[PDB]
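Report on the structure
Chain by chain, the residues run as shown.
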There are 2 protein chains.
Amino acid sequence: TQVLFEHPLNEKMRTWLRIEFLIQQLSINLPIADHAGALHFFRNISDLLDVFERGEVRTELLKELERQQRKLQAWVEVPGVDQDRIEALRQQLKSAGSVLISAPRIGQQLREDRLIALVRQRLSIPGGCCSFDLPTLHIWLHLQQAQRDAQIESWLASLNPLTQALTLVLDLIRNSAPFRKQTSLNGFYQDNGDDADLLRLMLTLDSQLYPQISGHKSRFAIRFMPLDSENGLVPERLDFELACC
Amino acid sequence: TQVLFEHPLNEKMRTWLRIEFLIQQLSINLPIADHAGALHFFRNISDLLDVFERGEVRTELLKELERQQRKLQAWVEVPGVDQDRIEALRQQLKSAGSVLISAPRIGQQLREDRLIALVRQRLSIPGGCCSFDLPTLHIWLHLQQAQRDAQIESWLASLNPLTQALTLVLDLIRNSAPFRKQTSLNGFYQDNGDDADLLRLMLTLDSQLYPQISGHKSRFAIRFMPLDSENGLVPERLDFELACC
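Residues numbered from 1 in each chain as written, not as in the entry; some residues may be left out. Chains lettered and ligands numbered in written order. Heavy atoms only, no water.

Under the PDB entry, chain A has the name Cell division protein ZapD and belongs to Salmonella typhimurium. Its official PDB title, as written in the record, is "Crystal structure of a Z-ring associated protein from Salmonella typhimurium". According to its UniProt record, chain A has this under Function: "Cell division factor that enhances FtsZ-ring assembly. Directly interacts with FtsZ and promotes bundling of FtsZ protofilaments, with a reduction in FtsZ GTPase activity." The record held by UniProt for chain A lists under Subunit the comment "Interacts with FtsZ." (UniProt positions renumbered as here; feature names shortened; annotations may be inferred.)

Here it is in structure tokens:
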């Protein structure tokens, strides 16, 4: 019955959410045995390289990892807390930091890759791929699965530093704040998110509504819209769950 | 061991080959249960609508269907031929013609669709989709599978007139000409394709080569390239299969 919507409260978080999604898509389609899986894969790599242009990802991740290490050392002197958890999270953060800092430039390996670049040029064209548009991709798919699997794995491994860091920080952020019940009157709602990075919002599918979140800096505004824009009525009162992370 | 490459000898055939591929991709991913399958689906619809701008698809298909009906009535007075096949193919062509001619404007239904248009706007953006970029798509995926399946089926049904016609003509074209053995000396080859619409070219994967087909009108030229552009050697003689359709 429940539906989770997340919203970034800054441009950094918007970037990070996109990267998360794209990297999840790359892990979900192995093994790659046809054009469908292949085009899907390369589209997501191409989009990922384009998302990287929105900010300095490595830089912001190195800062956030340490910041999370700082936000962890407040929880040290708190009875009831597992100190093995704290030390383990600290160690994960530290390792992610030094892996990330030592790693090559983010996805330079992916840009330089001849097969990736080749496919990347053709995605712009509407009927982008076919044996006649992409012969190199066509022959690649006639190889044995293990030759592709190995090529795929080295591509994904070069993203591991980023993946490890991002998985870490977003998980910590997502668990940094609890959900709280709120009410919208006549489909409208607004508040200062403070300097939270992420909104997390739960509705029911039985409401047959969806949120459209506006805002300028942090002061967010929500309009709860129906799916059917003729038949759909907005309730005069709606309760929902909200966490500001 | 064998690898089939096809090449269009005109802009019409290039269009048609792309449409074929895209429509195959739309049929291969049902049922749609997540963002991966959904984005894949909508990307292919969006690309299909863009391919339609390359020519008058309905028009060219109506002509080709009749032309195929004409090319069939030569085979009528040929002993050894099944006359049930001929009459059945004729009847399939005729039906495809009148279905296509009676159908609405090709994929106008798809352009007008609110959900398609909505998603279409967001594909331009690098990290195109997430619950925050596409809330309407997010809620759509929380529905029960049958609500999506029904929506998908009506979308695919509106393409049936095109699909039926195109499947027909391309199959007939592909079988209009037999494969013949040819030889390339030092990775090069050239000939007049006449006014053939399609080249069909078979190589072996063990050759570890691929064709790059040039040309101006019909006079085609082929360079057989290695995959590895340093280690790769081109044989002084290469035999391959070729059909001009």
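The secondary structure content of chain A amounts to nine helices and seven strands. The principal-axis extents of the C-alpha atoms in chain A amount to approximately 60 × 55 × 30 Å. Per-residue burial for chain A yields a buried fraction of 46% across its 245 residues. Taking the intrachain contacts of chain A between residues at least 6 apart in sequence as the baseline, contacts between residues at least 24 apart amount to 76%. (Helix = DSSP H or I, 4+ residues; strand = E, 2+ residues; numbered from the N terminus. Buried < 20%, exposed > 50% of the residue type's maximum accessible area, 1.4 Å probe, protein only. Contact = heavy atoms within 4.5 Å.)

Before going further, it helps to examine the pattern of salt bridges. Scanning the entire structure with this criterion turns up 32 salt bridges over all chains. A salt bridge links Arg 114 of chain A to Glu 230 of chain B, with the shortest nitrogen-to-oxygen separation between them at 3.2 Å. Here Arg 114 of chain A is found in helix α6 (residues 114-122), whereas its partner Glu 230 of chain B is found in the loop between β6 (219-226) and β7 (237-244) on a different chain. As far as the burial class goes, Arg 114 of chain A and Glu 230 of chain B line up, both exposed. The salt bridge partner of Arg 200 of chain B is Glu 6 of chain B, with a shortest N-O separation of 2.3 Å. Of this pair, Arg 200 of chain B sits in strand β4 (residues 198-204) while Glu 6 of chain B sits in strand β1 (residues 2-8), placing them 194 residues apart in sequence. (Salt bridge = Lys/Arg side-chain N within 4 Å of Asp/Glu carboxyl O.)

Mapped onto the elements of the fold, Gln 25 of chain B is located in helix α1 (residues 11-28). With relative accessibility at 6%, the residue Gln 25 of chain B sits in the buried group. With residues near it in sequence (within four places) discarded, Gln 25 of chain B still touches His 35 and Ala 36 of chain A together with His 40 and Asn 44 of chain B.

It is worth spelling out the packing of aromatic side chains at this point. All names here are of chain A. In the structure shown here, the tally under the stated rule is 16 aromatic pairs over all chains. Their ring planes at 90° and their centres at 5.3 Å tell us that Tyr 189 and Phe 240 sit as a pair that is edge-to-face. Of this pair, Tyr 189 sits in strand β3 (residues 188-192) while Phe 240 sits in strand β7 (residues 237-244), placing them 51 residues apart in sequence. This pair shows no difference in class: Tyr 189 is buried, exactly as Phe 240 is. (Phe/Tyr/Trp six-rings, centres within 6.5 Å; stacked < 30°, edge-to-face > 60°.)

Glancing now at helix α8 (residues 145-157) of chain A. The end-to-end C-alpha distance of α8 of chain A is 18 Å, a good match for the 18 Å that 13 residues give at a rise of 1.5 Å each. Contacts made by the buried residues of α8 of chain A are with α2 (35-51), α5 (108-112), α6 and α7 (135-140) of chain A. (Expected span 1.5 Å × (residues − 1).)

This part takes up the relation of the copies chain A and chain B. Superposition of the two copies of the chain requires a rotation about an axis together with a shift along that axis. With an RMSD of 0.0 Å, chain A superimposes on chain B once it is rotated by 180° and translated 0.0 Å along the axis. Given the turn and translation reported, the copies of this chain are related as if by a two-fold rotation axis. Across chain A, the rotation axis passes nearest the C-alpha of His 40 of chain A, at a separation of 3.4 Å. (Least-squares fit on C-alpha atoms.)

Note on interface size: it is often stated as the accessible area lost on association of the parts. Chain A puts 45 residues into the contact, and the matching count from chain B is 45 residues. Carbon and sulfur atoms supply 66% of the area buried between chain A and chain B, which totals about 3,600 Å² over both sides. Looking at the side of chain A facing chain B, the largest losses of area belong to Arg 43, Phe 132 and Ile 139 of chain A, adding up to 18% of the total buried there. Taken together, the links from chain A to chain B amount to six salt bridges. There are eight residue pairs in polar contact connecting chain A and chain B. Elements with a contribution of two residues or more to the side of chain A that touches chain B: β1 (2-8), α1 (11-28), α2, α7 and β5 (209-215) of chain A. (Buried area = accessible area lost by both parts, 1.4 Å probe. Polar contact = N/O pair within 3.5 Å; in protein donor to acceptor, adjacent residues only side chain to side chain.)

This part is about the packing of α1 of chain B against helix α9 (residues 160-174) of chain B. All names here are of chain B. Relative to each other, α1 and α9 sit at 120°, their axes nearing to 11 Å. Put simply, α1 runs oblique to α9. For the pair α1 and α9, the crossing hand works out as left-handed. For the pair α1 and α9, contact is made by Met 13, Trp 16, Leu 17, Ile 19, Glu 20 and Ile 23 and by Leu 162, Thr 163, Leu 166, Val 169, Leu 170, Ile 173 and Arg 174, respectively. (Axes fitted to C-alpha atoms, helices over the stretch in contact; angles between N-to-C directions. Parallel < 35°, antiparallel > 145°, perpendicular 65-115°, else oblique. Left-handed = near helix turned anticlockwise from the far one by under 90°.)

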